[PDB]
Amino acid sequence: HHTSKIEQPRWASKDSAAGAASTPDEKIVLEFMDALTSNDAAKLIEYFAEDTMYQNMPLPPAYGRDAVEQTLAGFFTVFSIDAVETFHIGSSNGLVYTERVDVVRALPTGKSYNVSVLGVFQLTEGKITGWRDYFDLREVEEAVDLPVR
């Protein structure tokens, strides 16, 4: 499958280091973003602590590493993440933030959508203890013609 390059939005920061990972935890998060296109829940779960959580905010949360892996495995049964572009990354107080676009493709329909997402990651000892992504679900569902909620 061919995926077109994600363009830079108008509001992308004039600060050239805004998209640069400047700490070990930020670097882990950008590596994790790169790994998303693997569509491989077993690969991704290795980034997570045992005590952890994951939530796409328009949907119910998953608590615990097993449940997070199961949620991811379920997601990748239906969707492919074809590309991730992280415009901005920052962090304070043990939380890392990423402003991104993820290209999501619904396997049942063949249709894709570039999702605008702002995500937050909590890390302890270099492991993810929480990951929440904020975006509008209805836009995605309408674009890929697949109800998710």
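From 1 onward, residues are counted along the sequence shown.
Asker: So if I compare the CA B-factors in the entry for 27, 65, 111, 100, which one is the largest?
Answerer: Most elevated C-alpha B-factor of the set, per the entry: 65.
Asker: Quiz for you: based on the deposited Cα B-factor, which of 89, 57, 36, 120 is highest?
Answerer: Out of 89, 57, 36, 120, the record gives the largest C-alpha B-factor to 36.
Asker: Taking only the Cα B-factors deposited for this chain, tell me whether residue 141 sits in the lowest, middle or highest third.
Answerer: Middle third by C-alpha B-factor.
Asker: Split into thirds by Cα B-factor across the chain's modelled residues, where does residue 42 land: lowest, middle or highest?
Answerer: Tercile = highest for this residue's CA B-factor.
Asker: By the recorded C-alpha temperature factor, relative to the other modelled residues in its chain, which third is residue 80 in?
Answerer: Tercile = lowest for this residue's CA B-factor.
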